[PDB]
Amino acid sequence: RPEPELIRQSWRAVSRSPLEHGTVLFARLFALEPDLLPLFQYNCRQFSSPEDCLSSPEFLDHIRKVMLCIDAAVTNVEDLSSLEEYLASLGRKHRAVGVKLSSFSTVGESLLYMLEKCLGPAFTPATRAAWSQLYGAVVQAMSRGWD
């Protein structure tokens, strides 16, 4: 159970510009794991240009979906069991498109980077710990989807 106010007050800041913050998360994620980008080519409907896929409405829509999912976790920070079935279904969908479960740990590192970029020293160790616990719960629920 992550401290709710630390999660809510930090998420509120990133919610002011969710697409811009999501782009920052993905930029770190791709630098840490370059193999992830070719998975998005199918949604883009073209395999010739990674850069065109990165700037595509289809890629932006995925960023919007990711921010909505994190928003649902933040809304349910007090009880994440409500989203257990949905997160397992999300885990199934990612396994279906070739995503490895290990890449979700890399997404967690990118999320902390996005938050530190947005908040600076306001991203306190307690805030970082709260986000680590919340994200760890989200990936533990999504992990059951892989089975």
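A residue's number is simply how far along the shown sequence it sits, counting from 1.
*Asks:* If you average the CA temperature factors over each stretch, which comes out higher, 39-47 or 107-115?
*Replies:* Averaging CA B-factors over each stretch, the winner is 39-47.
*Asks:* Averaging the C-alpha B factors as listed in the entry, name the stretch that ends up higher: 3-11 or 136-144.
*Replies:* Higher mean C-alpha B-factor in the PDB entry: 136-144.
*Asks:* Name the residue from 52, 61, 33, 78 with the greatest C-alpha temperature factor listed in the entry.
*Replies:* Going by the entry's C-alpha B-factors, 52 comes out highest.
*Asks:* C-alpha B factor of residue 91, ranked within the chain: lowest, middle or highest third?
*Replies:* For residue 91, the deposited C-alpha B-factor lands in the highest third.
*Asks:* Please place residue 128 in the lowest, middle or highest third of its chain according to the CA B-factor in the PDB entry.
*Replies:* Bottom third by C-alpha B-factor.
*Asks:* How does residue 83 rank on Cα B-factor within its chain, lowest, middle or highest third?
*Replies:* Highest third of the chain for residue 83's C-alpha B-factor.
*Asks:* Could you look up the Cα B-factor of residue 101 in the entry and say which third of the chain it sits in: lowest, middle or highest?
*Replies:* Tercile = highest for this residue's CA B-factor.
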